[PDB]
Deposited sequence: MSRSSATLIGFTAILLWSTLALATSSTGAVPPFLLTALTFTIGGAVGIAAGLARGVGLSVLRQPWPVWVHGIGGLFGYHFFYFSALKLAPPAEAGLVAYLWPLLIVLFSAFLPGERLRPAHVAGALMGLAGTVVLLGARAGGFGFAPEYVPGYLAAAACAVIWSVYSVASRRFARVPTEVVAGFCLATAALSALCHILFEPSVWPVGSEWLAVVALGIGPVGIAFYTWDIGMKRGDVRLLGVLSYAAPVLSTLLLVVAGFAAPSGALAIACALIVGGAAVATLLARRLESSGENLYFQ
């Protein structure tokens, strides 16, 4: 069912909303090692999920592996590079062009028809994200010396957007194959660690956050996102992805790590209005 798969895809957005909550618990653990650990756990969850369903699946042609490994590892590598070359606030904003990109790129899908409401819904969601991420004390100061980081952040957005949209092309490919993508990505991230990374391993309670990231925002989110991309409404899930920054901030406020703000209220209205325009009014606004 299309509504089901779309609802299923939205669970990935929910799980990715919890990232900022566990980011603080990571500590000084560098990104590639953290990726290697969490994606091994993530890939392991996918394997375990297949065993319960009683699932030869990893026998796939090379374009499948180019898509999955190039997708998952690609956007990870360039986003980590963006964090190296540019302040996190501007890097995060540039990368979060990816939901709009998915909406726009969904027009290349044969069965999908892009309506004005989808694009408008995405633009409202981007608008909310801009207000939110810019609500920091310093604000948004884009400086020419950080341009290599912005480009890396843009590369990240495009690679993830193409990976997501192109996943529908591989709709015949089983969801459990993503486990292969995660394990391969973890293997590569392990290599990038030994080469470019300081050896800082998780200690004490930091391990519990690592496992949470591995099971949730990785071990379930990538599989439930795969389902949404292959069987759900891609242009809608693009629109709904701008809920992640808002839900993320709402979590921190409830957790006590952040405070309620006008910017949060405005972002909330924009993403609620944006989702409503793209879901309820999509067909009705054509007349």
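The deposited chain is incompletely modelled, with C-alpha atoms absent over 1, 57-58, 291-298.
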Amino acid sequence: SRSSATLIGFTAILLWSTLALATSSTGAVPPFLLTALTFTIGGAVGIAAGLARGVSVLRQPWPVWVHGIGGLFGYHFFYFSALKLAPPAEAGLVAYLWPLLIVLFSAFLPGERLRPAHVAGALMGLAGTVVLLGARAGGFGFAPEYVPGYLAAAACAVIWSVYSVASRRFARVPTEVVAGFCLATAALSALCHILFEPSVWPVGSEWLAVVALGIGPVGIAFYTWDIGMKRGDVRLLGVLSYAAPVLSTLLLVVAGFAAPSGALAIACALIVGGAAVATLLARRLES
From here on, numbers count along this sequence of modelled residues.
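Remark: stretch with higher mean C-alpha B factor among 204-212 and 70-78 is 204-212.
Annotation for 80-88 versus 195-203: the higher mean temperature factor (C-alpha) is found in 195-203. The entry assigns its greatest Cα B factor, within the set 251, 239, 218, 229, to 218.
In this entry, the residue among 117, 137, 162, 156 with the greatest C-alpha B factor is 137.
Annotation for residue 142: CA B-factor lies in the highest third of the chain's modelled residues. Ranked against the other modelled residues of its chain, the C-alpha B-factor of residue 266 as given in the entry falls in the lowest third. Sort the chain's modelled residues by C-alpha temperature factor and residue 43 lands in the middle third, per the entry. Remark: residue 22 belongs to the highest third of its chain, ranked by C-alpha B-factor as recorded. Split the chain's modelled residues into thirds by C-alpha temperature factor. Residue 245 is in the lowest one.
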